[PDB]
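Enquirer: The structure's right below; bear with me while I get my questions together.
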Amino acid sequence: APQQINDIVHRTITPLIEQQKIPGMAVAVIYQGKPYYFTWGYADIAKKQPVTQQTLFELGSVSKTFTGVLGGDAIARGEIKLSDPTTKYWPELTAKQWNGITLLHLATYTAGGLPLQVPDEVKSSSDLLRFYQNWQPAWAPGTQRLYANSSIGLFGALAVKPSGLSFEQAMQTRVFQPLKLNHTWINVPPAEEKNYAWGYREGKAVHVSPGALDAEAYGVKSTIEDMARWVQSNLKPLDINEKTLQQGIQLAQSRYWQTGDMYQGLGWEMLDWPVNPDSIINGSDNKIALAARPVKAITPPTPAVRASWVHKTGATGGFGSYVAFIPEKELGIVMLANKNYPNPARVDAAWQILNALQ
Ligand SMILES: *[B]([O])([O])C1=[C]C([N+](=O)[O-])=[C][C]=[C]1
């Protein structure tokens, strides 16, 4: 890697790993379309296994960007419409409160207060239906944004219904394979287990626990190499061969709502570039990223804007991830760690590196 990139990276990530006590980390910088990889520490502290370009990390909510694009591809295929009522895909949703709640509200967290987490008690499809049927909205649809797994999770489950394929099946065949993400999984197979890094929470080795709508909201596991291709694909969608996937990517980066100087896409979140580091950095803290915030609809949605800072944070009990890219500069970064450390720290490091490369 050019000495320039190599220096900016090590000068920034080294103290980060030290301050945050991160056991292992993988970083990919996409500069002028080409990726450069950096690895540090352990994937397994006990067995002294190093982090490599083949190590699998839990992406946590970065998975939502995959769900948004899969949803965007289904729209391009004409299988679903974001303007459709949710009941069109789940007729059993009889509760009257589901009246004017569209797939758009679900995908963008603007349904009216759906909870951040689906209760652990919800284990069956019947449990899920009861949960949603009994849910009492706090606000009218399209008025407030409340980051929620139960919102985008449902959007993912419903978006694949017409296709007759399971969520994992549709993700693999419509997104993973066409993009050559051959080491990206929802369920890591035995053959890949040895590359599955351990997450660390308070010194204990952990992996994400099974849960309702986990695949759809936070279940993807991937390597730094596949994540770099993921970013390349989102930077230059017009270079993707699949027509509907190319369109789906563009739809996920469109701006449907605005809150502060942040815009909500499908999974992805955007800000105008150049961007005030404080705007992102401070907005990341899980005290502002999860809170209730009024939204302004952008009617009609603005098509993917090249001059944007597109990103998404993700975390599970033992992993912390972050992705950010600027289409206009063909610049991007991916940071995967097996320790869930503060979001502001992630955004700060990402900004420093990316700002330095223009
Ligand atoms: B995402 O990482 O913000 C996220 C993830 C989970 N999870 O359990 O993995 C819950 C809420 C948000």
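If you're wondering about the labels, chains in the structure tokens are A, B, ... by order shown, residues count from 1 in each chain, ligands from 1 in order shown.
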Let me see if you get this right: every residue at most 12 Å from ligand 1, counting only C-alpha atoms and all ligand atoms, written as an MDAnalysis selection string.
Expert: chainID A and resid 58:65 115:120 146:153 207:221 267:268 284:287 289:290 312:322 340:343
Enquirer: Within 12 Å of residue 192 in chain A, counting only C-alpha atoms, which residues show up once you throw out same-chain ones fewer than 4 positions away? Write them as a VMD selection string, please.
Expert: chain A and resid 54 to 57 182 to 185 187 to 188 196 to 197 221 to 223
Enquirer: Taking N, CA, C and O atoms for each residue, export the selection above as a compact mmCIF listing (two decimals), in the first residue's frame.
Expert:
```txt
# COMPACT_ATOMS: atom_id res chain seq x y z
N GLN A 54 -9.28 -13.36 6.07
CA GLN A 54 -10.29 -14.41 5.96
C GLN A 54 -11.13 -14.57 7.23
O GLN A 54 -12.08 -15.35 7.28
N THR A 55 -10.77 -13.82 8.27
CA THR A 55 -11.50 -13.87 9.53
C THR A 55 -12.92 -13.33 9.33
O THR A 55 -13.14 -12.35 8.61
N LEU A 56 -13.89 -13.98 9.96
CA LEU A 56 -15.27 -13.55 9.86
C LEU A 56 -15.62 -12.72 11.09
O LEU A 56 -15.29 -13.11 12.21
N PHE A 57 -16.29 -11.59 10.88
CA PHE A 57 -16.70 -10.72 11.98
C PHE A 57 -18.22 -10.58 11.93
O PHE A 57 -18.82 -10.64 10.85
N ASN A 182 -18.44 -14.38 -1.54
CA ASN A 182 -18.36 -15.80 -1.27
C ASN A 182 -18.01 -16.17 0.16
O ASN A 182 -17.95 -17.36 0.49
N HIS A 183 -17.79 -15.17 1.00
CA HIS A 183 -17.46 -15.44 2.39
C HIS A 183 -18.31 -14.58 3.31
O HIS A 183 -17.86 -14.13 4.37
N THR A 184 -19.55 -14.36 2.90
CA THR A 184 -20.51 -13.58 3.66
C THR A 184 -21.64 -14.56 3.97
O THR A 184 -22.16 -15.21 3.05
N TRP A 185 -22.00 -14.68 5.24
CA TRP A 185 -23.03 -15.63 5.66
C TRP A 185 -24.01 -15.10 6.69
O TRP A 185 -23.70 -14.17 7.43
N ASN A 187 -25.79 -17.71 8.22
CA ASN A 187 -25.51 -18.87 9.05
C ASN A 187 -24.14 -19.39 8.61
O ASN A 187 -24.00 -19.87 7.49
N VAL A 188 -23.14 -19.26 9.46
CA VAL A 188 -21.80 -19.71 9.09
C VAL A 188 -21.71 -21.23 9.05
O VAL A 188 -21.95 -21.88 10.05
N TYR A 196 -14.32 -18.06 12.05
CA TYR A 196 -15.27 -17.25 12.81
C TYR A 196 -14.61 -16.72 14.07
O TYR A 196 -14.31 -17.47 14.99
N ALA A 197 -14.37 -15.42 14.10
CA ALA A 197 -13.74 -14.80 15.25
C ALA A 197 -14.68 -14.81 16.45
O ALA A 197 -15.90 -14.90 16.29
N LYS A 221 -22.47 -12.12 8.79
CA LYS A 221 -21.08 -12.27 9.24
C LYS A 221 -20.30 -12.17 7.95
O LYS A 221 -20.72 -12.73 6.93
N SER A 222 -19.18 -11.48 7.97
CA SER A 222 -18.40 -11.29 6.76
C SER A 222 -16.92 -11.06 7.05
O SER A 222 -16.51 -10.91 8.20
N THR A 223 -16.12 -11.03 5.98
CA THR A 223 -14.69 -10.80 6.09
C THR A 223 -14.38 -9.39 5.60
O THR A 223 -15.23 -8.74 4.98
```
Enquirer: Report as a tab-separated table: every residue of range 27-99 of chain A with an atom at most 12 Å from range 121-127 of chain A, its closest pair of atoms, and their distance in Å to one decimal, counting only C-alpha atoms, with rows sorted by chain and ascending residue number.
Expert:
```
residue	atom	partner	partner_atom	distance
A:90	CA	A:125	CA	11.8
A:92	CA	A:126	CA	10.5
A:93	CA	A:126	CA	11.5
```
Enquirer: Compare A:7, A:330, A:79, A:73 by their minimum atom-to-atom distance to residue 231 in chain A, counting only C-alpha atoms, and give me the closest one.
Expert: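 Ranked by minimum distance to residue 231 in chain A, first place goes to A:330.
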Enquirer: Write out as a PyMOL selection string all residues of range 80-292 of chain A that backbone DSSP assigns to alpha helix (DSSP H).
Expert: chain A and resi 103-107+125-134+149-159+167-171+214-217+224-235+243-252+277-284
Enquirer: Those residues with C-alpha atoms, as a tab-separated table (two decimals), in the first residue's frame please?
Expert:
```
chain	number	residue	atom	x	y	z
A	103	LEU	CA	-43.40	-0.81	3.62
A	104	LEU	CA	-41.61	2.56	3.47
A	105	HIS	CA	-42.51	3.32	7.10
A	106	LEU	CA	-41.21	-0.12	8.08
A	107	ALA	CA	-37.93	0.14	6.18
A	125	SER	CA	-44.30	-17.06	13.75
A	126	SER	CA	-47.49	-17.01	15.79
A	127	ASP	CA	-45.62	-15.21	18.60
A	128	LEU	CA	-44.44	-12.65	16.04
A	129	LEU	CA	-47.96	-12.07	14.68
A	130	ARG	CA	-49.36	-11.62	18.20
A	131	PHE	CA	-46.52	-9.20	19.01
A	132	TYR	CA	-47.27	-6.96	16.01
A	133	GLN	CA	-51.04	-7.29	16.41
A	134	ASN	CA	-50.90	-6.11	20.02
A	149	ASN	CA	-34.86	-3.88	14.63
A	150	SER	CA	-38.57	-4.77	14.75
A	151	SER	CA	-39.24	-2.21	12.02
A	152	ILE	CA	-36.57	-2.93	9.38
A	153	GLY	CA	-36.64	-6.57	10.41
A	154	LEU	CA	-40.28	-6.88	9.36
A	155	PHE	CA	-39.57	-5.01	6.12
A	156	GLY	CA	-36.97	-7.66	5.24
A	157	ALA	CA	-39.20	-10.62	6.06
A	158	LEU	CA	-42.07	-9.17	4.04
A	159	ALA	CA	-40.01	-7.99	1.07
A	167	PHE	CA	-34.78	-14.56	3.46
A	168	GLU	CA	-31.40	-16.29	3.55
A	169	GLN	CA	-32.05	-17.88	0.16
A	170	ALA	CA	-32.99	-14.58	-1.48
A	171	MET	CA	-30.05	-12.77	0.12
A	214	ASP	CA	-32.09	-11.76	13.55
A	215	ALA	CA	-31.16	-12.56	9.94
A	216	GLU	CA	-33.08	-9.55	8.66
A	217	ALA	CA	-31.79	-7.00	11.22
A	224	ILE	CA	-12.79	-7.59	5.43
A	225	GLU	CA	-12.33	-8.66	1.79
A	226	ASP	CA	-16.04	-9.18	1.13
A	227	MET	CA	-16.93	-5.97	2.98
A	228	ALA	CA	-14.54	-4.04	0.74
A	229	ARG	CA	-16.32	-5.43	-2.35
A	230	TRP	CA	-19.63	-4.54	-0.68
A	231	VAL	CA	-18.38	-0.94	-0.37
A	232	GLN	CA	-17.03	-0.93	-3.95
A	233	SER	CA	-20.45	-2.08	-5.17
A	234	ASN	CA	-22.21	0.70	-3.28
A	235	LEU	CA	-19.71	3.31	-4.46
A	243	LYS	CA	-30.04	-4.65	-13.64
A	244	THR	CA	-32.32	-4.92	-10.60
A	245	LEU	CA	-29.41	-5.09	-8.12
A	246	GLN	CA	-27.85	-2.00	-9.65
A	247	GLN	CA	-31.19	-0.23	-9.24
A	248	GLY	CA	-31.74	-1.68	-5.77
A	249	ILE	CA	-28.44	-0.26	-4.56
A	250	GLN	CA	-29.41	3.17	-5.91
A	251	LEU	CA	-32.79	3.01	-4.20
A	252	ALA	CA	-31.22	2.20	-0.82
A	277	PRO	CA	-17.24	15.78	11.74
A	278	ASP	CA	-19.28	16.91	14.75
A	279	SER	CA	-22.46	16.27	12.77
A	280	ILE	CA	-21.60	12.60	12.37
A	281	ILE	CA	-19.36	11.95	15.40
A	282	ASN	CA	-21.84	13.38	17.91
A	283	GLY	CA	-24.84	11.93	16.09
A	284	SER	CA	-23.37	8.43	16.44
```
Enquirer: Can you list, as a CSV table (one decimal) with N, CA, C and O atoms, in the first residue's frame, every residue of range 33-251 of chain A that DSSP puts in strand (DSSP E)?
Expert:
```csv
chain,number,residue,atom,x,y,z
A,34,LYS,N,-9.6,1.0,-5.4
A,34,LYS,CA,-8.9,-0.2,-5.1
A,34,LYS,C,-8.8,-0.3,-3.6
A,34,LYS,O,-8.7,0.7,-2.8
A,35,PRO,N,-8.9,-1.6,-3.1
A,35,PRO,CA,-8.8,-1.8,-1.6
A,35,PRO,C,-7.4,-2.1,-1.1
A,35,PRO,O,-6.6,-2.7,-1.8
A,36,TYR,N,-7.2,-1.7,0.2
A,36,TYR,CA,-5.9,-1.9,0.9
A,36,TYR,C,-6.3,-2.5,2.2
A,36,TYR,O,-7.2,-1.9,2.9
A,37,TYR,N,-5.7,-3.6,2.6
A,37,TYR,CA,-6.1,-4.2,3.9
A,37,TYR,C,-5.0,-4.1,5.0
A,37,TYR,O,-3.8,-4.1,4.7
A,38,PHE,N,-5.5,-4.0,6.2
A,38,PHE,CA,-4.7,-3.9,7.4
A,38,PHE,C,-5.3,-4.8,8.5
A,38,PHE,O,-6.5,-4.8,8.7
A,39,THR,N,-4.5,-5.6,9.2
A,39,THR,CA,-5.0,-6.4,10.2
A,39,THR,C,-4.1,-6.3,11.5
A,39,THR,O,-2.9,-6.1,11.4
A,40,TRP,N,-4.8,-6.5,12.6
A,40,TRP,CA,-4.1,-6.4,13.9
A,40,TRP,C,-4.7,-7.4,14.9
A,40,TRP,O,-5.9,-7.7,14.8
A,41,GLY,N,-3.9,-7.8,15.9
A,41,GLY,CA,-4.4,-8.7,16.9
A,41,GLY,C,-4.9,-10.1,16.7
A,41,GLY,O,-4.6,-10.8,15.7
A,42,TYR,N,-5.8,-10.5,17.6
A,42,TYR,CA,-6.4,-11.8,17.6
A,42,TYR,C,-7.9,-11.9,17.3
A,42,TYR,O,-8.7,-11.1,17.6
A,43,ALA,N,-8.2,-13.1,16.7
A,43,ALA,CA,-9.6,-13.4,16.4
A,43,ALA,C,-10.0,-14.4,17.5
A,43,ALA,O,-11.2,-14.4,17.9
A,44,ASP,N,-9.0,-15.0,18.1
A,44,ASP,CA,-9.2,-15.9,19.2
A,44,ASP,C,-8.0,-15.8,20.2
A,44,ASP,O,-6.9,-16.3,19.9
A,49,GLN,N,-5.1,-17.2,17.7
A,49,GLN,CA,-5.4,-17.1,16.3
A,49,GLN,C,-5.4,-15.7,15.8
A,49,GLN,O,-6.2,-14.9,16.3
A,50,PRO,N,-4.6,-15.3,14.8
A,50,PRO,CA,-4.5,-13.9,14.4
A,50,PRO,C,-5.7,-13.5,13.5
A,50,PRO,O,-6.4,-14.4,12.9
A,57,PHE,N,-16.3,-11.6,10.9
A,57,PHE,CA,-16.7,-10.7,12.0
A,57,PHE,C,-18.2,-10.6,11.9
A,57,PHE,O,-18.8,-10.6,10.9
A,58,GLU,N,-18.8,-10.4,13.1
A,58,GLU,CA,-20.3,-10.2,13.1
A,58,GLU,C,-20.4,-8.7,12.7
A,58,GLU,O,-19.8,-7.8,13.3
A,144,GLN,N,-42.3,10.4,13.1
A,144,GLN,CA,-41.1,10.3,14.0
A,144,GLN,C,-40.3,9.1,13.7
A,144,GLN,O,-40.8,8.1,13.3
A,145,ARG,N,-39.0,9.2,13.9
A,145,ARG,CA,-38.0,8.1,13.6
A,145,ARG,C,-37.5,7.5,14.9
A,145,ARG,O,-37.0,8.2,15.8
A,199,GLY,N,-16.2,-12.9,19.7
A,199,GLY,CA,-16.5,-11.5,20.1
A,199,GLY,C,-16.1,-11.4,21.6
A,199,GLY,O,-16.1,-12.4,22.3
A,200,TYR,N,-15.8,-10.2,22.1
A,200,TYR,CA,-15.4,-10.1,23.5
A,200,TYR,C,-16.1,-9.1,24.2
A,200,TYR,O,-16.1,-7.9,23.8
A,201,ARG,N,-16.8,-9.5,25.3
A,201,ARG,CA,-17.6,-8.6,26.2
A,201,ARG,C,-17.1,-8.8,27.6
A,201,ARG,O,-17.4,-9.9,28.2
A,204,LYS,N,-15.1,-11.9,28.2
A,204,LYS,CA,-15.7,-13.2,27.8
A,204,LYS,C,-15.9,-13.4,26.3
A,204,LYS,O,-16.4,-12.4,25.7
A,205,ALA,N,-15.6,-14.5,25.8
A,205,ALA,CA,-15.8,-14.8,24.4
A,205,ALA,C,-17.2,-15.1,24.1
A,205,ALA,O,-17.9,-15.9,24.8
A,206,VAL,N,-17.8,-14.4,23.1
A,206,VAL,CA,-19.2,-14.5,22.8
A,206,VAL,C,-19.5,-14.4,21.3
A,206,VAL,O,-18.8,-13.8,20.5
A,221,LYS,N,-22.5,-12.1,8.8
A,221,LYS,CA,-21.1,-12.3,9.2
A,221,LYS,C,-20.3,-12.2,7.9
A,221,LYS,O,-20.7,-12.7,6.9
A,222,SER,N,-19.2,-11.5,8.0
A,222,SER,CA,-18.4,-11.3,6.8
A,222,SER,C,-16.9,-11.1,7.0
A,222,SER,O,-16.5,-10.9,8.2
```
Enquirer: When you draw a straight line from CA of residue 143 in chain A to CA of residue 110 in chain A, how long is it in Å?
Expert: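 Distance reported for this atom pair: 6.6 Å.
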Enquirer: Could you check which of A:265, A:113, A:137, A:24 is closest to residue 53 in chain A, using only C-alpha atoms?
Expert: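 Of the candidates, the smallest distance to residue 53 in chain A is held by A:24.
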Enquirer: For the atom pair CA of residue 82 in chain A and CA of residue 307 in chain A, what is the interatomic distance in Å to one decimal place?
Expert: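 According to the coordinates, CA of residue 82 in chain A and CA of residue 307 in chain A are separated by 24.9 Å.
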Enquirer: Which residues come within 10 Å of residue 298 in chain A, counting only C-alpha atoms, excluding same-chain residues fewer than 3 positions away, as a list in words?
Expert: residues 254, 255, 256, 257, 258, 263, 264, 295, 301 and 302 of chain A
